[PDB]
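Below you'll find the structure, written out as structure tokens, and then a few comments.
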Amino acid sequence: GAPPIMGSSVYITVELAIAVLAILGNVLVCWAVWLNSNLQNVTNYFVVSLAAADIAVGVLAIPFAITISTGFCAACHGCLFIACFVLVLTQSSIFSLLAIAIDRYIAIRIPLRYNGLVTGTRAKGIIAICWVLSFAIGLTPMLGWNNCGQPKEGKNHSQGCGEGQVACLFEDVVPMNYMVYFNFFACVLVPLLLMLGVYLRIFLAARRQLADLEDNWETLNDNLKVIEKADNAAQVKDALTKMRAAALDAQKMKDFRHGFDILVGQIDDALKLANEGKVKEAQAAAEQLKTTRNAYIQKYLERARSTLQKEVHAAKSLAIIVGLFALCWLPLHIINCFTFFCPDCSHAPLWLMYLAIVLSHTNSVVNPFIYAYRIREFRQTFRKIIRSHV
Ligand SMILES: CC(C)CCC[C@@H](C)CCC[C@@H](C)CCC[C@@H](C)CCCC(=O)OC[C@@H](O)[C@@H](O)CO
Ligand SMILES: CC(C)CCC[C@@H](C)CCC[C@@H](C)CCC[C@@H](C)CCCC(=O)OC[C@@H](O)[C@@H](O)CO
Ligand SMILES: CC(C)CCC[C@@H](C)[C@H]1CC[C@H]2[C@@H]3CC=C4C[C@@H](O)CC[C@]4(C)[C@H]3CC[C@]12C
Ligand SMILES: CC(C)CCC[C@@H](C)[C@H]1CC[C@H]2[C@@H]3CC=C4C[C@@H](O)CC[C@]4(C)[C@H]3CC[C@]12C
Ligand SMILES: CC(C)CCC[C@@H](C)[C@H]1CC[C@H]2[C@@H]3CC=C4C[C@@H](O)CC[C@]4(C)[C@H]3CC[C@]12C
Ligand SMILES: Nc1nc(NCCc2ccc(O)cc2)nc2nc(-c3ccco3)nn12
Ligand SMILES: CCCCCCCCCCCCCCCCCC
Ligand SMILES: CCCCCCCCCCCCCCCCCC
Ligand SMILES: CCCCCCCCCCCCCCCCCC
Ligand SMILES: CCCCCCCCCCCCCCC
Ligand SMILES: CCCCCCCCCCCCCCC
Ligand SMILES: CCCCCCCCCCCCCCC
Ligand SMILES: CCCCCCCCCCCCCCC
Ligand SMILES: CCCCCCCCCCCCCCC
Ligand SMILES: CCCCCCCCCCCCCCC
Ligand SMILES: CCCCCCCCCCCCC
Ligand SMILES: CCCCCCCCCCCCC
Ligand SMILES: CCCCCCCCCCCCC
Ligand SMILES: CCCCCCCCCCCC
Ligand SMILES: CCCCCCCCCCC
Ligand SMILES: CCCCCCCCCC
Ligand SMILES: CCCCCCCC
Ligand SMILES: CCCCCCCC
Ligand SMILES: CCCCCCCC
Ligand SMILES: CCCCCC
Ligand code: NA
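So the sequence shown is residues -1 to 208, 1001 to 1042, 1058 to 1106, 219 to 307, counted in the entry's author numbering.
Put into structure tokens, the structure is as follows:
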């Protein structure tokens, strides 16, 4: 067989290339949030926590991955730390992505409550807690769910390790039942499915809010035409009562309020006329509503549509991040599933293991590109930093 060092050199070179790009791109994310007060919101606190996890992939996880690829002699608990530390960073990533999804869900479902439910101070506490939980989940093998008690004596003696030491190889020390049931099913797949469910609920909420606006609009316009071609007070009365309901629903910022005050007032004026049986004076009064609609209501309608469209576009941007996370991490998990559940199956070849590892690391490069391409405030701030400071 080809000398192992040849394939190792290609692996190490690619890992270091990923490390540099993971560090530089994610430092730029953090720098941008620092510089630009417009990026300093709770959602971006989770973005920075995720960027920190991706920097730590370049600074620590990749060097650990290079180290463990050599099968060097190590005390089994030191070996476990090096093997498992990336699981902490990946778990931290999952918690940040989950927090972002829920943050955007609260923002679209209860916008008025959002700013007092979701504060900076609560976000900082949630981020600290998520990082502690990530250490506990990812280093669970150090608490005794490990293969340190069943060492590979053949490998130990062939590598010439001293006593207490193992040839530090991931699949020799980390149990595959931990990797498949606990890490993959419980800690990764379940949160990814929850995130899918939350984004689905975001898109369903946006669409139902957009449909309700458009229906309120149409209720207004249709009742305006019912009133015109009407033939008695009871017709005009019914249509006006519908419009009034629709108008109070649409309402649920001074120039905004003035607009709906004019509209509802005009409706109520045309409502009192109708009740007195004055059909033509009611109908005339209702013709006033058209200029109020054109001048105030159509403006609020279009601002509300535009806001919802921006929230959908932002939610799409953030969901793409979750999909690339899944794309980058699932192959390694699926390989572990084959290793674990198919003992009759040939183990995935080494080159495929290392490709899946490298792909998982590439996840720590991509998010800065998604922010630059999809989010104007990031793109513009990256431009300022690159021009001014490079
Ligand atoms: C990647 C680059 C773009 C940026 C990196 C930045 C800097 C700070 C990286 C820091 C790297 C260190 C944290 C790496 C630690 C390396 C350790 C894990 C090596 C362990 C090897 C060891 O213990 O020696 C082997 C023998 O002692 C053993 O066989 C017998 O005990
Ligand atoms: C994020 C996505 C949109 C794009 C990501 C791009 C992905 C596909 C990364 C591209 C890199 C690869 C084309 C090149 C990697 C080749 C590596 C994995 C070869 C490994 C060879 C190998 O087996 O080396 C290790 C062993 O030989 C042994 O020596 C132990 O070190
Ligand atoms: C501030 C940052 C850079 C600190 C980084 C500290 C890291 C590199 C330290 C902390 C714990 C250390 C490990 C502790 C125990 C062992 C077992 C020994 O048999 C081989 C070395 C090994 C595997 C060490 C490698 C280096 C290590 C992982
Ligand atoms: C998430 C997207 C990108 C899909 C990726 C699916 C990947 C992980 C799938 C596609 C085909 C799969 C391989 C098909 C056949 C075998 C041979 C078996 O003896 C070991 C596992 C192995 C080598 C599988 C491992 C996982 C595999 C490489
Ligand atoms: C993508 C997300 C949503 C779903 C994850 C699907 C995973 C868990 C599925 C996809 C393909 C599946 C594998 C397909 C084939 C085999 C070979 C069989 O002898 C043991 C089970 C095993 C190894 C399956 C395990 C579970 C598996 C890896
Ligand atoms: N199975 C596995 N192996 C490794 N590295 C060892 C690759 C290998 C596998 C077998 C072998 O004989 C020599 C090397 N890193 C790994 N990282 C992960 C991982 C992280 C998150 C999910 O899976 N799984 N995983
Ligand atoms: C991109 C900067 C330079 C790239 C590094 C060159 C890679 C050569 C290092 C080889 C060291 C091999 C150590 C033992 C590996 C054997 C694993 C089975
Ligand atoms: C907001 C700042 C980030 C806070 C990070 C602090 C994390 C400290 C380490 C966590 C301790 C948990 C220990 C559980 C694992 C023990 C296994 C030996
Ligand atoms: C298994 C689900 C994975 C699906 C991937 C979703 C991503 C869609 C990509 C379209 C938008 C990408 C924007 C910029 C791409 C830059 C990539 C480096
Ligand atoms: C071997 C290092 C892998 C780095 C791959 C990361 C891909 C990032 C996407 C960049 C696309 C840039 C397109 C510009 C037009
Ligand atoms: C401020 C962080 C600097 C870290 C420098 C440490 C480099 C580690 C090199 C390990 C060499 C191991 C030799 C084994 C015989
Ligand atoms: C920053 C204050 C410390 C956070 C306390 C975390 C609460 C942990 C409760 C249950 C731990 C379950 C860990 C799973 C192994
Ligand atoms: C054989 C070495 C195992 C060392 C474990 C000692 C530390 C206890 C773990 C407490 C974790 C609490 C974190 C909060 C969830
Ligand atoms: C998202 C679906 C998750 C369910 C996957 C469970 C697969 C279990 C495979 C059992 C294989 C047992 C092999 C015995 C011969
Ligand atoms: C990085 C995930 C996609 C990898 C696509 C490669 C598919 C080839 C799999 C064949 C491996 C068969 C070897 C078993 C003997
Ligand atoms: C309000 C913006 C502050 C930016 C926080 C920067 C955190 C960087 C920590 C990275 C840790 C990697 C070793
Ligand atoms: C703007 C407040 C967010 C602070 C997030 C910083 C996270 C740093 C954790 C570093 C742990 C790396 C090992
Ligand atoms: C006594 C030799 C093996 C013990 C492993 C210690 C690993 C955990 C300590 C690292 C500290 C984290 C910063
Ligand atoms: C600058 C970062 C380089 C990565 C550190 C390499 C550590 C390999 C140690 C080999 C174990 C014997
Ligand atoms: C370390 C400061 C940031 C420098 C930015 C240079 C370009 C970053 C490229 C993103 C992969
Ligand atoms: C576990 C991650 C959930 C974080 C939720 C986001 C903010 C909620 C504060 C009330
Ligand atoms: C593999 C399931 C998670 C995918 C989430 C992507 C959201 C569009
Ligand atoms: C339904 C799970 C039982 C199969 C266990 C497979 C472990 C090799
Ligand atoms: C990048 C592809 C890896 C090499 C495939 C076959 C090596 C035996
Ligand atoms: C210059 C870094 C070399 C990688 C370790 C063999
Ligand atoms: Na990450």
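The beta carbon of each residue, even a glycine, is placed where N, CA and C say it ideally should be.
From the DSSP output, read off the bridge partner residues of residue i.
i	result
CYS71	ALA165
If I measure Cβ to Cβ from residue i and keep anything under 6 Å in the same chain, skipping five residues before and after, which residues do I get?
i	result
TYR1101	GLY1064
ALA265	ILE252
So, for residue i: in the same chain, excluding its five sequence neighbours on each side, which residues have a beta-carbon less than 7 Å away from its beta-carbon?
i	result
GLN1071	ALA1090, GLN1093, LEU1094, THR1097
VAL178	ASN253, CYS254, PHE257
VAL12	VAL275
How many Å lie between residue i and residue j at the Cα?
i	j	result
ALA203	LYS1042	16 Å
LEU190	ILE66	28 Å
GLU1008	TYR1105	15 Å
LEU187	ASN1011	48 Å
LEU267	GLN89	25 Å
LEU26	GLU169	35 Å
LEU137	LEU48	19 Å
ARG1062	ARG304	44 Å
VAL84	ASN1099	58 Å
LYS1027	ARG1034	11 Å
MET193	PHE180	18 Å
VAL46	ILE1067	46 Å
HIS250	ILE108	36 Å
CB-CB under 8 Å to residue i, same chain, minus the five flanking residues each way: which ones, in chain order?
i	result
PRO139	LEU78, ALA81, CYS82, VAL171, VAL172, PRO173, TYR176
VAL307	none
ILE124	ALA97
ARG222	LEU208, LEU1003
*Any chance the region 235 to 252 sits against the region 269 to 284, with 3 or more Cβ pairs inside 8 Å?*
Touching, per the Cβ criterion.
*Go through the residues and name those whose CB comes closer than 7 Å to any heavy atom of ligand 12, in chain order.*
That gives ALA126, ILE127, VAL130, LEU131, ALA134, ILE135, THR138.
_Segment contact, 8 Å Cβ cut-off, at least three pairs: the region 1011 to 1023 with the region 131 to 144_ = Touching, no.
*Would the region 1076 to 1086 and the region 1022 to 1039 be scored as touching if the rule is three or more Cβ pairs under 8 Å?*
Short answer: they touch.
*asked:* Tell me which residues pass a beta-carbon proximity test against ligand 6: closer than 5 Å to any heavy atom, given in chain order.
replied: Residues with a Cβ closer than 5 Å to any heavy atom of ligand 6, in chain order: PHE168, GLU169, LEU249, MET270.
*Any contact of the region 50 to 67 with the region 19 to 26, i.e. 3+ C-beta pairs under 8 Å?*
A contact exists between the region 50 to 67 and the region 19 to 26.
*Which residues have a Cβ closer than 7 Å to any heavy atom of ligand 16, listed in chain order?*
This selection yields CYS28, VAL31, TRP32, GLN38, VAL46, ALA50, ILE53, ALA54, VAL57.
*asked:* Quick check on the contact list: which residues have their beta carbon closer than 6 Å to a heavy atom of ligand 2?
replied: Every residue passing the under-6 Å Cβ criterion appears here: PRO2, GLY5, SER6, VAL8, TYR9, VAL12, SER67, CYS245, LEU267, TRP268, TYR271, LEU272, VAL275, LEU276, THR279, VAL283.
*Chain-ordered list of residues that sit, by beta carbon, closer than 5 Å to a heavy atom of ligand 22*: Around ligand 22, the residues selected by a Cβ distance under 5 Å to any of its heavy atoms are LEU190, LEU194, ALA236, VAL239, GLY240, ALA243, following chain order.
*asked:* Whether or not the region 40 to 50 and the region 91 to 110 are in contact is what I'm after, with contact meaning three or more pairs of Cβ atoms, one per stretch, closer than 8 Å; do they touch?
replied: The region 91 to 110 vs the region 40 to 50: in contact.
*Taking a cut-off of 7 Å, which residues have a beta-carbon closer than that to any heavy atom of ligand 18, in chain order?*
Cβ atoms closer than 7 Å to ligand 18 belong to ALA73, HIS75, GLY76, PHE79.
*Do three or more CB pairs link the region 28 to 39 to the region 292 to 301 at distances below 8 Å?*
Contact between the region 28 to 39 and the region 292 to 301 is present: three or more C-beta pairs spanning the two stretches fall below 8 Å.
*Between the region 0 to 17 and the region 61 to 76, do three or more beta carbon pairs fall short of 8 Å?*
Yes: at least three Cβ pairs fall under 8 Å.
*Nearest-residue set for ligand 5, Cβ under 5 Å from any heavy atom*: Cβ-based neighbours of ligand 5 within the cut-off: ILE251, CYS254, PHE255, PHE258, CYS259.
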